[PDB]
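Coordinate-derived values only; no laboratory data. Ideal geometry is used to build each Cβ from the backbone, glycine not excepted, and the neighbour counts take in all protein chains shown.
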Amino acid sequence: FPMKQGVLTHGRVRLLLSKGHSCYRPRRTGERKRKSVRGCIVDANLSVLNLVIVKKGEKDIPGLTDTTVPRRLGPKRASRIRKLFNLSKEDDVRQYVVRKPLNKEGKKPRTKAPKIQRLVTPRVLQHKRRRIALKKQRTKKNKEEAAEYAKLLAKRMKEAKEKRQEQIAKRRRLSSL
Amino acid sequence: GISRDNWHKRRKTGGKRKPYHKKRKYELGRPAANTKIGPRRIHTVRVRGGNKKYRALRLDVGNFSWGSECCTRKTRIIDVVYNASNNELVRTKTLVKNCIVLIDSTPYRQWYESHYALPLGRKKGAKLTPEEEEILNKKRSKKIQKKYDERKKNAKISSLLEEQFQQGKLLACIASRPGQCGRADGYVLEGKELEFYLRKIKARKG
Amino acid sequence: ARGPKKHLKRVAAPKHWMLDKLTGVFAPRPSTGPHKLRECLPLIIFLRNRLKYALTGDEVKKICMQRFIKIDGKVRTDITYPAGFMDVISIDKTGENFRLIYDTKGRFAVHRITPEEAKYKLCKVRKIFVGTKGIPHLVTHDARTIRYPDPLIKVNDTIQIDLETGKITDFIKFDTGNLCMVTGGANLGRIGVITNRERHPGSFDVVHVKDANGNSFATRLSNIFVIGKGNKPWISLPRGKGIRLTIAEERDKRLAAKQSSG
Amino acid sequence: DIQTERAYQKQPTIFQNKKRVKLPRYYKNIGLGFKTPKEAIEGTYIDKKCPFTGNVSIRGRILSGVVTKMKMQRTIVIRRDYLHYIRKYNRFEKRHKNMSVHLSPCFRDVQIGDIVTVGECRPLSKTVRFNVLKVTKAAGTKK
RNA sequence: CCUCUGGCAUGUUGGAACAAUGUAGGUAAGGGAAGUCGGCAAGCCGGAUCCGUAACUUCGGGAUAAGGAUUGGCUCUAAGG
RNA sequence: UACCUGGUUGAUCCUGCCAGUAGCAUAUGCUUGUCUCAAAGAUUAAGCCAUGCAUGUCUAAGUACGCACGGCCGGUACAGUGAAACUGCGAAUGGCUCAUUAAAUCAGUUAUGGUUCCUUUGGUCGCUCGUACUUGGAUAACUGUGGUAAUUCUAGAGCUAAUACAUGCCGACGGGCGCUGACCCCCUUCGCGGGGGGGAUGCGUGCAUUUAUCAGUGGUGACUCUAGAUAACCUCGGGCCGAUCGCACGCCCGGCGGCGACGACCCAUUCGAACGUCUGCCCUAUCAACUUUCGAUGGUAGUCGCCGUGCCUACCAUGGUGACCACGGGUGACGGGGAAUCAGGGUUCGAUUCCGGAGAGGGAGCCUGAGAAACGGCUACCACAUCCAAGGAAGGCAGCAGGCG
RNA sequence: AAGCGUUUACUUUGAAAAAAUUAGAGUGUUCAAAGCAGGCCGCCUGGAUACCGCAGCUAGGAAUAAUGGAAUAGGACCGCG
RNA sequence: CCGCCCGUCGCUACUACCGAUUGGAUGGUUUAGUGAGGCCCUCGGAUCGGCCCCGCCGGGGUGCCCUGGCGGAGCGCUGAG
Ligand SMILES: [Mg+2]
Ligand SMILES: [Mg+2]
Ligand SMILES: [Mg+2]
Ligand SMILES: [Mg+2]
Ligand SMILES: [Mg+2]
Ligand SMILES: [Mg+2]
Ligand SMILES: [Mg+2]
Ligand SMILES: [Mg+2]
Ligand SMILES: [Mg+2]
Ligand SMILES: [Mg+2]
Ligand SMILES: [Mg+2]
Ligand SMILES: [Mg+2]
Ligand SMILES: [Mg+2]
Ligand SMILES: [Mg+2]
Ligand SMILES: [Mg+2]
Ligand SMILES: [Mg+2]
Ligand SMILES: [Mg+2]
Ligand SMILES: [Mg+2]
Ligand SMILES: [Mg+2]
Ligand SMILES: [Mg+2]
Ligand SMILES: [Mg+2]
Ligand SMILES: [Mg+2]
Ligand SMILES: [Mg+2]
Ligand SMILES: [Mg+2]
Ligand SMILES: [Mg+2]
Ligand SMILES: [Mg+2]
Ligand SMILES: [Mg+2]
Ligand SMILES: [Mg+2]
């Protein structure tokens, strides 16, 4: 059973663990489950204790220091390319993204670059033009409809005012009967 | 949990409903908010239909409308003094709908002295040497001075309100439901309801 | 049930779709849309049972999803779309236009329409709403919220909507003398002139309506859809023209016509 | 007369304390041709649940009954009296449903036996769903 | 049970020890009448408030039946002239 | 097809049953050649279950640096199929059973003017006056060290994306609209004064939320409706005003562009859900009074709730139901559409394929979600029960087959 | 034509009543139970109709059965102060 | 009428009833004690960041400002938890 942070005791406990907690992975959205974990403070009675070397000693160790393992994937966000290879906002990112070589048994040697997201392409700029063109279309439609309804309501209220003026003049001449 | 269901209780005939289903989720009750007076803390409950309710838990301010003058300002809640339901909800200071709180009358004092340019409160003999209240009360134009001189005929207030301004804090009624909305809004008591709640308070005082 | 139901049974489907009894346990639960469930006729039923352009559910799916069926001037792709009253089917490729008008009995009738008639439809308004800046709103029988209408259009009138724009072209007002198609009840599909309007506060107001052949009959006002000034409609009428000849006259007409056919 | 109880008793849509130099009271007609009584306009009472001067809306059904008990606070019990038909014995049986109805205090003099008319509304309490809309006096008893 | 006015000098002696048997108070793990003629002696319970109270019966009782719960100090609120 | 017949007597005429008579379901016997339909672990044990399966899902249109396959045209990123995993959605439908349940469910009926509602269709979506040629840091999948006897267990390290998670402005935008108003200018007047405009500067300036006030565009039988005006608030467990994706590829001289996909506050719409109104339920009096300061029936004020409401709390009132059968009990009782038998009435049945309800061994509590008090989700406890290295782990056939009883 | 006409029970009509079942129309499933099909040398057509007690809603009738009104005149009507 | 016929007693079988045993076993409702678990509130703060404060400086502006790297540390503030 794994060790997890902040339990702060010596023995083994049982916790309800959820999304965002460690030593647990949910299956359904919203699932919580009593799993049994081990506290922070340590003793002999465990198999594996994990260590992270945080300051290199003055002498080498062969298993850990001599060989080096590079990062496997190059960066993919455009500003992360910028802040890796130290770019401004004018130099082209796409020639500066890392590409990998490809060599195996019986196949052609290749190279492979990630499809970098968040670069500014003319399709993104076209969509940003399209939404504000659509906005001005919507205000033009709104002012057009409002003006033609204003003309129509002026005409209908002119009709109703002339109708009641007909009533008042007709019953004045009926009073003159 | 806490249930809100008629099926757990007797008929009109005093009978006994035996239930035909267990507790449902639309038959749900959650515990009381009991909004005290303190620096603002509001938790958010998500409710039926995915909406949000705002439990205040401790709460200091709220905008009160003094509506005979129609001035509505954000004000600091001083105290709970009267509650028509439960006197221990006065004894602990719990903000609920239609309870009587007290609020500091400084924004309404500022508005009255800036609109009518007459003092209220103001035990006579002192003048604020920071001089800003009298630069608010004096030195206007001869076009605007007739506007103030015609608005100062409608500038006499109720004496109950005025002694509340002189003491510095007003009686007011909470209108909103602070366990539901998250706010402690309401209105300043003036009038026959003010005299009603004042005689209630001093009869309780004995 | 712990939520909304998604399946609909074959026997529990509405009768005016005229589903049969022994194909399958189910009937297509129509998707939510502008028309009610018990007052619609879905697109799978319209293409499969009525027109016989499709044989199976896969065939009506591939017809509706190679983008050929154009309901109300718009492309509607799901096969369980509720095609309701006064909707206009535009079969583009095969070149037809249908208007889902009711029959002399309770059916929806396959009713072929010229394109110059099929570019409008007629809609009964259900509500007058006023939006946020004094903006009037019609709410028709098929969920159209139409902002800025004519102020002479009131709550039980009908409007002639142009389809590619959605705007009002003209309107008929609910008065005595105008026509009526009847959308609901035991008198479903009948056509007559409105004889009488009887006001019941709180209850459902009831309208007496008289057809061409001197038969007068009542109907609640929610089931009444005016379709023109006087006797003159603003759409076409189906075969029989909403008369409901009796069962004796139907017997006499079928044996007369088919002994004349031989 | 007024302000019996703990809180202040006022009508919620009226603003009564506007600056001067008798209160107006809120009242409405409930529809269906029910004449609002003169004591509702001329009164001084408050009521949440009066159909004429309060926050209820008479909808649905409009029934009748005879006043049979008035022992409660601002609600009475009416006794709807009807017959019921058995398909076997072609006869009837006299049944009844007592039901509690909120009687507004604008109907100021009513004695038991009077045939009142009630209207369905918002459920005012646990077993109360109607209001007395009009009161017709019992036969005789004009003195 | 403790105290004030009043009264007295511990009831026909004092001192020093703190052994057995006593006489008179107590306490006891674990078990709970296995002791003995017999629960002898001891022990349990115990006041008040709120509930709850069976058989039987002369209808009066049984009855505080049995069985439960609450109880302090302090800061208050409400009702009773 | 509105049917009777044998039997008490030595014989008769009657009341009266017993027994014959015809169905109709369940079992059971003996018998069985064709063919079309078709019920089938309901009754007893809503008793217990070995095993396998019963809810998963990819479009041009959210993420694609797994050579996992692959095309060449490169070097100006990503051709294109594409497992995996994050994200989104569904898993609340369906199916099974009928244990509970007797004004309860349910049926007809109306109401929500007393509420919520993913979705789909239609509105809305520069109305706000105050790095945008695109902002940030983590994480799975992948590599690499593992642990346990064992689980759909998961840990420490490296990397890396978003329509995940966050942050956040530019454009409209040049002023209008309401306040405050320094001041400016004119007519009358001995004159204070009155009347009249213009107005720099500063404050507020959209939809939604919350409060209060004023007036009375469009509605209903009826609003405290809708819409207007005003004074303010706007929740840091924050409400909107788009930092998203795919096809074609044109036009002004960098800027304009069309067709869509997704998502969003609100308003309708659809499917509904949810409480309510009137009326209707079988046997039982060897059940005649029941309910109440432990809510019973009302009032006033709150709390909670999605809403109305004794739903709950506080303080008052002493009510409420009952021979017109309450209350208590029983049911070999889920309700209805319906089935059998029938002259007319009736009598009996309805677990059973459609609708409504209830439940997942018994009770209870919840997370996620628009919708669940979900059990082919979780946590306890009781009964049961599986694996084991004895420390632990895992379960729910009244789903389909099948097994025991 | 809009608003009003003591009220119920009864009667008649209209509305609204979910399909399935039941009754029943059409139709040579080879007949029948069934099924909503099918027919003519592309066209022709079907996929009806009735019943659905009780309660509720609407409009006619006014016999029967109830109920009322004017009797300490607190009565209609008609105009006047 | 040598007909029929009724009861006790004696034998046999069967079904019930009363019956000391404060009898026995199963259900169901429930007063009262103990009470797991979830949810809410009041705390808590394992851990993880962010901003300031200095020292050493590289890239840039008219000795102050911003950056990018190295550290150190008050934990001065601050956020999640
Ligand atoms: Mg009969
Ligand atoms: Mg002594
Ligand atoms: Mg002595
Ligand atoms: Mg002596
Ligand atoms: Mg001992
Ligand atoms: Mg002991
Ligand atoms: Mg012995
Ligand atoms: Mg002994
Ligand atoms: Mg003794
Ligand atoms: Mg005794
Ligand atoms: Mg005999
Ligand atoms: Mg014989
Ligand atoms: Mg027999
Ligand atoms: Mg053969
Ligand atoms: Mg079984
Ligand atoms: Mg289901
Ligand atoms: Mg039973
Ligand atoms: Mg049962
Ligand atoms: Mg059934
Ligand atoms: Mg059964
Ligand atoms: Mg069912
Ligand atoms: Mg369930
Ligand atoms: Mg079982
Ligand atoms: Mg469950
Ligand atoms: Mg299962
Ligand atoms: Mg399920
Ligand atoms: Mg099956
Ligand atoms: Mg039917």
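Of all residues in region C:74-105, those satisfying the criterion of being in a loop (DSSP other than H, G, I, E, B) and surrounded by 17 or more Cβ atoms within 10 Å (Cβ to Cβ) are C:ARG76, C:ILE79, C:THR80, C:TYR81, C:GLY84, C:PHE85, C:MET86, C:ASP87, C:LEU100, C:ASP103, C:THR104. Going by what's in this entry, would B:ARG17 be described as within 14 Å of another protein chain (Cβ to nearest Cβ) and either part of a helix (DSSP H, G or I) or surrounded by 11 or more Cβ atoms within 10 Å (Cβ to Cβ) (or both)? Answer is yes for this residue. Quick check on region B:36-60: of everything there that is β-branched (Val, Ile, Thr) and over 16 Å from B:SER176 (Cβ atoms), which residue is farthest from RNA strand H (Cβ to nearest atom)? The qualifying residue farthest from RNA strand H (Cβ to nearest atom) is B:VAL47.
Filtering region D:29-73 to residues that are away from chain C (no Cβ under 14 Å), surrounded by fewer than 18 Cβ atoms within 10 Å (Cβ to Cβ) and assigned to a strand (DSSP E or B) leaves D:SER64, D:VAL66, D:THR68, D:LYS69. Within region B:35-56, which residues are exposed (fewer than 11 other Cβ atoms within 10 Å of the Cβ) and over 18 Å from the mean Cα position of the chain (by Cα)? Within region B:35-56, B:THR44, B:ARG46, B:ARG48, B:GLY49, B:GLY50, B:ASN51, B:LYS52 meet the criteria. Please determine whether any residue of region B:125-138 is over 24 Å from D:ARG6 (Cβ atoms), away from chain D (no Cβ under 14 Å) and among the hydroxyl-bearing types (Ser, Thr, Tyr). Within region B:125-138 (the criterion being over 24 Å from D:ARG6 (Cβ atoms), away from chain D (no Cβ under 14 Å) and among the hydroxyl-bearing types (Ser, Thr, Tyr)), the answer is yes, since at least one residue qualifies. Counting only strands (runs of 3 or more DSSP E) that sit completely within region A:8-122, those holding 3 or more residues that are away from RNA strand E (no atom under 16 Å from the Cβ) and not polar (S, T, N, Q) correspond to A:12-17, A:33-38, A:100-102. Applying the criterion of being among the aromatic types (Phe, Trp, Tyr) and more than 14 Å from every other protein chain (Cβ to nearest Cβ) to the residues of region B:41-74, the residue that is nearest to RNA strand E (Cβ to nearest atom) is B:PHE64. For region D:87-116, filtering for residues that are in a strand (DSSP E or B), under 15 Å from the mean Cα position of the chain (by Cα) and surrounded by fewer than 19 Cβ atoms within 10 Å (Cβ to Cβ) leaves 2. Looking across region B:165-206, the residues that are part of a helix (DSSP H, G or I), within 12 Å of chain D (Cβ to nearest Cβ) and buried (at least 16 other Cβ atoms within 10 Å of the Cβ) come down to B:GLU193, B:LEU194, B:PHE196, B:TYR197, B:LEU198, B:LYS200.
Go through C:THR32, C:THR23 for me and flag whichever is farther than 29 Å from C:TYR120 by Cβ, in a loop (DSSP other than H, G, I, E, B) and among the hydroxyl-bearing types (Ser, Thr, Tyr). Give the steps one after another, and end with the answer.
Values: C:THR32 fails: farther than 29 Å from C:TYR120 by Cβ.
Just one listed residue meets the conditions, C:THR23.
Here A:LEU174 meets each of (1) over 16 Å from C:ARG147 (Cβ atoms); (2) away from chain C (no Cβ under 13 Å); (3) surrounded by 10 or more Cβ atoms within 10 Å (Cβ to Cβ) with one exception, condition (3).
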